[PDB]
Amino acid sequence: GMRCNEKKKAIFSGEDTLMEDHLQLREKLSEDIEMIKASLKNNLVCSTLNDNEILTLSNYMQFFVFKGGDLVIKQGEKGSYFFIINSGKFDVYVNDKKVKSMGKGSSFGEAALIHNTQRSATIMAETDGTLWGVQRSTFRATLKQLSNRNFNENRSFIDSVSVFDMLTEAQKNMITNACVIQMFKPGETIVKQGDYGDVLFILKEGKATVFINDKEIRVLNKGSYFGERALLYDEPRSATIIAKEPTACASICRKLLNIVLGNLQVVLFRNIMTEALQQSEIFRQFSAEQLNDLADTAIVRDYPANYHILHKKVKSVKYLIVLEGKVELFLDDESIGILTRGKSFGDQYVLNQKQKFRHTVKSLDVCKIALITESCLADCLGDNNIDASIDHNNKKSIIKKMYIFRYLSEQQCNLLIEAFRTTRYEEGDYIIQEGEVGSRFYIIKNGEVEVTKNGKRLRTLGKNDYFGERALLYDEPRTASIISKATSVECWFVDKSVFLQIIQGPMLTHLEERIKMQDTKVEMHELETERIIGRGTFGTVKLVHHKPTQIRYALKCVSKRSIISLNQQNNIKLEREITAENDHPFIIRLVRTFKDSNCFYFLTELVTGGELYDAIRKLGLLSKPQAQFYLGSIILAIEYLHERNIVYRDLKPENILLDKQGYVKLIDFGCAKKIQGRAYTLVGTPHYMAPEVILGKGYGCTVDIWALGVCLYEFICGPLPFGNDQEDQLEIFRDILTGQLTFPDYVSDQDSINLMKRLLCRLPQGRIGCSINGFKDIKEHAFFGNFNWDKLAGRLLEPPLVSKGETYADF
Ligand SMILES: CC(C)(C)n1nc(Oc2cccc(Cl)c2)c2c(N)ncnc21
């Protein structure tokens with residue numbers, strides 16, 4: 001009997017432990033449910049909830065039994081429970097001194113339902129008595145599931161309604177939030193025949209009876225819906241729908257749809273038309289707005305079968321799209337194809353404005369056609385020279401994808417496009433030879449080229465690819481060569497001298513410094529720490545000097561003991577991901593991340609102009625131009641992130657630095673997350689936190705827009721709009737949820753107030769910037785009426801403050 005010689009390991013291991021001692025089963029009677037339902041209707045977070053949601057919460061409450069002289073909660077212990085007193089008396093001890101005495105009906109431990117907070121007073125049981133109670137985890141999880149199943153349920157019913165079929169993913173999700181649940185008991189008329197109603201209804205649970213002229217036509221089941229046409233048109237109800245058993249309906253109103261989405265026909269058509277236009281390689285390079293304008297101004301026409309829609313008698317049509325039916329195309333007498341639903345024709349005539357229309361288009365059956373005329377293109381492009389404008393725009397689409405040109409003013413970008421010269425190359429011509437100093441940026445018009453270095457091939461590039469952009473910013477040897485790998489390769493190109501006549505010092509300095517810093521490789525041993533520029537529980541931030549290039553950087557150290565202690569294992573990598581991917585001028589730019597036995601490193605550009613927190617405090621109350629500049633700058637950064645499905649979640653002046661030139665840099669992406677569906681976790685700084693985060697029913701990127709309104713209020717008015725005096729988190733959230741927004745008598749600008757009120761709208765659906773148009777509604781608001789957004793991005797504005805000298809306070 002031999003023994004095992006190789007090793008088996010041992011197994012290892014506050015307020016929730018105590019309540020387990022008092023926990024007990026008890027069947028909930030009618031007297032209990034009604035006192036819970038009463039007590040929750042007066043609660044801070046639960047007051048907004050409907051009866052079915054409060055009924056669900058009431059059942060998750062648990063019974064706890066106490067003898068006299070028993071401890072419930074202790075002042076200093078971490079807070080986790082909320083209580084409604086069922087029987088007996090309970091005394092409240094603050095600093096070991098009796099303040100109050102509570103009986104049946106009263107509640108305590110309110111703040112636990114929002115966050116883990118330290119208890120203020122010690123509650124003790126005077127007599128023998130019992131508590132109804134619920135824990136945060138259970139309360140938040142229940143709130144999550146209620147709102148989240150509601151959303152997913154409603155989105156399926158949106159997907160089942162045919163009128164929404166041509167909405168995009170993002171459009172369908174946005175109208176899902178406009179759904180309102182409406183309950184009907186038996187006997188109740190949902191809709192009456194003859195009324196001009198503007199509401200779609202969808203049966204989730206139950207059954208209803210349909211009456212036309214007081215006669216039973218049919219019965220409707222869970223899934224059935226009615227009122228699609230009521231969202232498009234003013235038309236009377238064809239029937240009287242009456243509920244037969246207790247029923248629950250999801251519903252969209254046209255009034256809220258118009259606020260959220262705009263006109264439904266206009267939005268639907270724009271999608272149909274955008275999809276049809278994108279099948280052409282020409283319109284594929286148009287902007288979303290340009291395609292939307294073509295959709296809004298397109299002539300739409302119904303034709304009978306065997307009709308000559310176009311015949312070489314043409315009404316200046318350049319492009320044709322089939323919406324319904326079929327048409328046959330002819331060149332003289334030869335059929336060249338049949339276009340069905342969604343297909344289109346005319347690329348040849350869109351490109352060549354002056355060409356005679358040689359084709360014939362004959363309807364095969366009854367059809368609906370959209371027609372884009374010569375004027376419809378000119379009004380879209382803003383120019384009567386269509387061929388030149390399409391060409392100009394083709395080039396613009398190429399360069400707007402590059403950082404170097406993306407943020408230049410439209411006037412500068414146009415000038416630069418106009419300056420493009422064209423040249424041709426024989427096969428085997430060295431367009432660029434490595435080692436030589438370049439002065440030209442190229443875009444390939446026609447053909448192919450092959451990139452090489454020290455002999456070996458690296459890549460192959462073709463129509464609309466580009467190369468050599470660095471030569472515009474630097475005087476340096478070309479790292480690779482570019483050989484022509486086709487017969488008659490044509491390139492557009494622009495000289496450095498022309499680029500320097502267009503771009504001005506500030507933008508040029510920004511590009512010079514930025515492109516260079518990522519280019520230069522870095523190792524830890526090459527960096528010397530000059531001085532510490534930031535401290536905290538996270539770790540430290542050092543100002544560092546790179547010996548080889550002499551470029552100065554910033555190096556954040558995140559201690560490993562900090563991350564593993566608070567269970568932020570998965571979060572530090574998601575921060576690395578987000579922080580590395582950001583490539584916007586008003587967001588901090590990462591260079592590289594290093595790994596270490598002690599701390600996680602982040603190396604970024606050095607920002608020398610200090611925090612915005614201090615800048616506004618030097619300025620005092622900001623004027624209209626100054627608030628426009630800073631808020632405008634924050635808007636561009638947040639918009640960039642929202643387009644990449646990132647919600648920032650911690651917007652405050654502290655997290656915004658200023659550079660040498662006085663332009664903003666967003667930092668600290670610790671609270672930031674890649675949004676996939678609805679977020680529920682409670683994060684951020686309480687004074688800037690949106691009411692939808694606090695209420696636990698789901699939030700998205702809209703929270704950063706609330707915070708924007710908080711910042712604007714600080715800029716114009718001075719103090720915070722909510723809980724300015726307050727230190728207790730509970731009383732801040734209370735002021736955020738139910739407090740009054742007021743504005744000082746010295747705030748004389750109507751438009752400023754209007755914007756602040758609309759950014760600080762509690763319900764997101766009514767919050768400016770949160771509809772389908774996104775930030776467009778903020779940017780076009782009267783407050784920004786004289787503000788050139790174009791010049792902000794391109795560094796062509798005088799900023800409010802320029803710092804004299806420097807200012808400081810897988811991996
Ligand atoms: C002033 C402080 C410490 C908040 N800060 N944070 C900064 O932002 C950093 C600095 C290094 C790494 C990361 Cl991920 C962010 C920063 C900077 N780039 N330049 C100067 N000061 C900086």
Side-chain angles (χ1 to χ4, degrees), residues 15 19 28-40 42-64 72 79-86 90 102-117 119-120 130-151 153-154 177 179-183 248 678-682 686 689-699 703 706 722-723 728-740 761-765:
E15 190 176 300
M19 296 303 99
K28 302 190 184 70
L29 297 164
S30 301
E31 289 96 328
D32 301 318
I33 290 158
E34 300 307 318
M35 90 153 295
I36 303 303
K37 189 172 187 178
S39 191
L40 294 174
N42 286 57
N43 195 50
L44 182 53
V45 292
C46 304
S47 53
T48 55
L49 302 169
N50 67 70
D51 289 334
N52 289 43
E53 294 181 318
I54 296 161
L55 194 73
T56 301
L57 290 162
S58 291
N59 288 313
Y60 279 106
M61 290 274 171
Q62 286 180 316
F63 202 69
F64 299 98
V72 185
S80 176
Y81 266 88
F82 168 67
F83 291 110
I84 303 156
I85 300 156
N86 188 59
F90 291 81
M102 297 167 173
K104 181 172 182 179
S106 193
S107 290
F108 64 100
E110 190 172 38
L113 299 184
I114 295 163
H115 192 49
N116 179 20
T117 191
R119 297 297 208 187
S120 65
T130 60
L131 304 178
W132 288 109
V134 67
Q135 213 176 358
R136 184 200 321 108
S137 59
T138 310
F139 180 72
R140 305 299 289 186
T142 298
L143 270 171
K144 179 169 165 180
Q145 292 303 322
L146 282 168
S147 69
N148 205 50
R149 288 172 205 168
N150 186 58
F151 185 91
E153 280 171 288
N154 289 356
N177 292 298
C179 295
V180 177
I181 305 302
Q182 204 167 327
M183 296 298 187
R678 319 183 76 196
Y680 294 87
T681 309
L682 194 103
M689 277 174 61
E692 68 258 31
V693 175
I694 298 153
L695 294 161
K697 285 191 84 181
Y699 68 93
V703 302
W706 173 274
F722 303 108
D728 184 22
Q729 295 192 339
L730 176 63
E731 296 304 308
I732 293 165
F733 294 139
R734 198 192 302 284
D735 206 38
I736 291 159
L737 291 167
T738 53
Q740 195 187 170
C761 183
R762 294 204 162 83
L763 297 164
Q765 308 88 51

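By convention here, the first residue in the shown sequence is residue 1.
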Visitor: Atom NZ of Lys697 and atom OH of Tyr680: how far apart are they, to the nearest 0.5 Å?
Guide: 9.5 Å

Visitor: Can you name the residues that form a side-chain contact (heavy atoms from CB on, under 4.5 Å) with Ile732, not counting sequence neighbours?
Guide: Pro686, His687, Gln726, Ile736

Visitor: For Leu57, check side-chain contact (heavy atoms from CB on, under 4.5 Å) against everything at least two apart and list the hits.
Guide: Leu40, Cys46, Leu49, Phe139, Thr142

Visitor: Identify, with sequence neighbours excluded, every residue that meets side-chain hydrogen bond (donor to acceptor under 3.5 Å, both in side chains) alongside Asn52.
Guide: none

Visitor: Return yes if some donor-acceptor pair links the side-chain N/O of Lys37 with the main-chain N/O of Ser58 below 3.5 Å, else return no.
Guide: no

Visitor: List in chain and number order the residues that pass side-chain contact (heavy atoms from CB on, under 4.5 Å) with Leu695, two or more places apart in sequence or in another chain; answer none if no residue qualifies.
Guide: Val45, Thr48, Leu737

Visitor: Using side-chain hydrogen bond (donor to acceptor under 3.5 Å, both in side chains) as the criterion, list what pairs up with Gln62, not counting sequence neighbours.
Guide: none

Visitor: List the atom of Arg762, the atom of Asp735, and the distance in Å for their closest heavy-atom pair.
Guide: NH2-O, 3.3 Å

Visitor: If you round to the nearest 0.5 Å, how far is OG of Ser107 from CD1 of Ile85?
Guide: 7.0 Å

Visitor: Hey, are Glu15 and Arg136 close enough for a salt bridge, meaning a charged N less than 4.0 Å from a carboxylate O?
Guide: no

Visitor: Out of curiosity, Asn50 CG to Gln182 CD, how far, rounded to the nearest 0.5 Å?
Guide: 12.0 Å

Visitor: Looking at side-chain heavy atoms only, is the closest gap between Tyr81 and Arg119 below 4.5 Å?
Guide: yes

Visitor: Find the distance between CG (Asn116) and CG (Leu682) and round it off to the nearest 0.5 Å.
Guide: 11.0 Å

Visitor: Measure across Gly105 and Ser39 and return the closest heavy-atom pair with its distance rounded to 0.1 Å.
Guide: O-OG, 4.0 Å

Visitor: Please confirm whether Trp132 and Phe63 have ring centers closer than 6.0 angstrom.
Guide: yes

Visitor: Is a donor on one side and an acceptor on the other found under 3.5 Å between the side chain of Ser147 and the backbone of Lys144?
Guide: yes

Visitor: Using atom types as modelled and distance alone, determine if a side-chain donor or acceptor of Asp32 lies under 3.5 Å from a backbone N or O of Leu29.
Guide: yes

Visitor: Please name all residues satisfying side-chain hydrogen bond (donor to acceptor under 3.5 Å, both in side chains) with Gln145, sequence neighbours left out, ordered by chain then number.
Guide: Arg149

Visitor: Answer whether the closest heavy-atom distance between the side chains of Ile33 and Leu55 falls below 4.5 Å.
Guide: yes

Visitor: With a 4.5 Å limit on heavy-atom distance, are the side chains of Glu692 and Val703 in contact?
Guide: yes

Visitor: Listed by chain and number, what are the ring pair (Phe, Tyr, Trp, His ring centres under 6.0 Å) partners of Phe722, not counting sequence neighbours?
Guide: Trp706

Visitor: Under 6.0 Å between the ring centres of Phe83 and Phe90?
Guide: no

Visitor: Which atom pair, heavy atoms only, marks the closest approach of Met35 to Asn86?
Guide: SD-OD1, 3.8 Å

Visitor: With sequence neighbours left out, write down each residue that passes salt bridge (charged side-chain N to carboxylate O under 4.0 Å, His left out) with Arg140, or none if nothing qualifies.
Guide: none

Visitor: Once you round to the nearest 0.5 Å, how far does CD of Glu110 lie from CZ of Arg734?
Guide: 4.5 Å

Visitor: By side-chain contact (heavy atoms from CB on, under 4.5 Å), which residues pair with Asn150, not counting sequence neighbours?
Guide: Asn154, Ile181, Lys204

Visitor: Test of understanding: with side-chain hydrogen bond (donor to acceptor under 3.5 Å, both in side chains), list the residues that count as partners of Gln765, not counting sequence neighbours.
Guide: none

Visitor: What's the spacing between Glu731 CD and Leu44 CG if we round to 0.5 Å?
Guide: 8.5 Å

